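Step one of this worksheet: look at the structure below.
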Amino acid sequence: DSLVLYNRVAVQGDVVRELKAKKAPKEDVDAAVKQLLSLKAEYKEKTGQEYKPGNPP
């Protein structure tokens with residue numbers, strides 16, 4: 001199901017935004033953003049769809 005992969009990248013995406021809102025150090029934002037990037041890369045493998053905006057349906 002493509003929806004399952006949708007939730008995985010969406011879950012990290014939000015964690016990065018939350019930490020930055022918490023004024024956390026660059027280490028928390030950089031590491032967390034790197035995590036979401038790995039999820040986005042897998043989505044790209046199918047047809048370059050990457051993290052679609054508007055969160056999961």
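Following the order of the structure tokens, first chain is A, next is B, and so on, with residues numbered from 1 inside each chain and ligands from 1 in the order they appear.
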**OP:** May I have the residues within 12 Å of residue 16 of chain A as a PyMOL selection string, using only C-alpha atoms and disregarding those fewer than 5 positions away in the same chain?
**Re:** chain A and resi 9-11+21-37
Requested write-out: N, CA, C and O atoms of the selected residues, as a CSV table (one decimal), in the first residue's frame:
```csv
chain,number,residue,atom,x,y,z
A,9,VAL,N,7.2,8.9,5.9
A,9,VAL,CA,7.9,10.2,5.7
A,9,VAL,C,7.2,11.3,6.4
A,9,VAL,O,7.8,12.2,6.9
A,10,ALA,N,5.9,11.3,6.4
A,10,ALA,CA,5.0,12.3,7.0
A,10,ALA,C,5.4,12.4,8.5
A,10,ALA,O,5.5,13.5,9.1
A,11,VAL,N,5.5,11.3,9.2
A,11,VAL,CA,5.8,11.3,10.7
A,11,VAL,C,7.1,12.0,10.9
A,11,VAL,O,7.2,12.9,11.8
A,21,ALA,N,10.8,24.5,16.2
A,21,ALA,CA,9.9,25.4,16.9
A,21,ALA,C,10.3,25.4,18.4
A,21,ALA,O,10.1,26.4,19.1
A,22,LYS,N,11.0,24.4,18.8
A,22,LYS,CA,11.5,24.4,20.3
A,22,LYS,C,12.8,25.0,20.4
A,22,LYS,O,13.5,25.0,21.4
A,23,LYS,N,13.3,25.7,19.3
A,23,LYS,CA,14.6,26.4,19.4
A,23,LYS,C,15.7,25.4,19.7
A,23,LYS,O,16.8,25.8,20.2
A,24,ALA,N,15.5,24.2,19.5
A,24,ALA,CA,16.6,23.2,19.8
A,24,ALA,C,17.9,23.5,19.0
A,24,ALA,O,17.9,24.3,18.1
A,25,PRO,N,19.0,22.8,19.4
A,25,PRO,CA,20.3,23.1,18.7
A,25,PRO,C,20.2,22.6,17.3
A,25,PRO,O,19.4,21.8,16.9
A,26,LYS,N,21.1,23.0,16.4
A,26,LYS,CA,21.1,22.6,15.0
A,26,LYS,C,21.3,21.1,14.9
A,26,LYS,O,20.8,20.4,14.0
A,27,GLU,N,21.9,20.5,15.9
A,27,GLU,CA,22.1,19.0,15.9
A,27,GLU,C,20.7,18.3,15.8
A,27,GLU,O,20.6,17.3,15.1
A,28,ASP,N,19.8,18.7,16.6
A,28,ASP,CA,18.4,18.1,16.6
A,28,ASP,C,17.7,18.3,15.3
A,28,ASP,O,17.1,17.4,14.7
A,29,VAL,N,17.8,19.5,14.7
A,29,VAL,CA,17.1,19.8,13.4
A,29,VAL,C,17.8,19.1,12.3
A,29,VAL,O,17.2,18.4,11.5
A,30,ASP,N,19.1,19.2,12.2
A,30,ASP,CA,19.9,18.5,11.1
A,30,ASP,C,19.7,17.0,11.2
A,30,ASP,O,19.4,16.4,10.1
A,31,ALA,N,19.9,16.4,12.3
A,31,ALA,CA,19.7,14.9,12.4
A,31,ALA,C,18.3,14.5,12.0
A,31,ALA,O,18.1,13.6,11.2
A,32,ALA,N,17.3,15.2,12.5
A,32,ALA,CA,15.9,14.8,12.2
A,32,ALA,C,15.6,15.1,10.8
A,32,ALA,O,14.9,14.3,10.1
A,33,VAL,N,16.1,16.2,10.2
A,33,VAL,CA,15.8,16.5,8.8
A,33,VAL,C,16.5,15.4,7.9
A,33,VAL,O,15.9,15.0,6.9
A,34,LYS,N,17.6,15.0,8.3
A,34,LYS,CA,18.4,14.0,7.6
A,34,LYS,C,17.5,12.7,7.6
A,34,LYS,O,17.4,12.0,6.6
A,35,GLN,N,16.9,12.4,8.7
A,35,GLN,CA,16.0,11.2,8.8
A,35,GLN,C,14.9,11.3,7.7
A,35,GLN,O,14.7,10.3,7.0
A,36,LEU,N,14.2,12.3,7.7
A,36,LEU,CA,13.0,12.5,6.7
A,36,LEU,C,13.6,12.4,5.3
A,36,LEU,O,13.0,11.8,4.4
A,37,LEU,N,14.8,13.0,5.1
A,37,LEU,CA,15.4,12.9,3.7
A,37,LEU,C,15.5,11.5,3.3
A,37,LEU,O,15.2,11.1,2.1
```
**OP:** Assign secondary structure with DSSP using the backbone only, and return the residues of chain A in helix (DSSP H, G or I) as a PyMOL selection string.
**Re:** chain A and resi 2-21+26-47
Quick one: everything within 12 Å of residue 54 of chain A, counting only C-alpha atoms, minus sequence neighbours fewer than 4 positions away in the same chain. Send it as a PDB file with N, CA and C atoms, in the first residue's frame.
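Written output follows (result.pdb):
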```pdb
ATOM      1  N   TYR A   6       3.507   6.620   2.856  1.00  0.00           N
ATOM      2  CA  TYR A   6       3.126   8.053   3.042  1.00  0.00           C
ATOM      3  C   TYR A   6       3.256   8.445   4.519  1.00  0.00           C
ATOM      4  N   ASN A   7       2.708   7.641   5.393  1.00  0.00           N
ATOM      5  CA  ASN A   7       2.766   7.947   6.856  1.00  0.00           C
ATOM      6  C   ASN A   7       4.211   7.992   7.378  1.00  0.00           C
ATOM      7  N   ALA A  10       5.853  11.256   6.365  1.00  0.00           N
ATOM      8  CA  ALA A  10       5.048  12.321   7.039  1.00  0.00           C
ATOM      9  C   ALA A  10       5.371  12.392   8.538  1.00  0.00           C
ATOM     10  N   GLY A  13       8.842  14.175   8.989  1.00  0.00           N
ATOM     11  CA  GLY A  13       8.669  15.599   8.518  1.00  0.00           C
ATOM     12  C   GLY A  13       8.181  16.496   9.672  1.00  0.00           C
ATOM     13  N   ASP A  14       7.129  16.080  10.328  1.00  0.00           N
ATOM     14  CA  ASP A  14       6.562  16.870  11.466  1.00  0.00           C
ATOM     15  C   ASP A  14       7.547  16.955  12.635  1.00  0.00           C
TER      16      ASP A  14
END
```
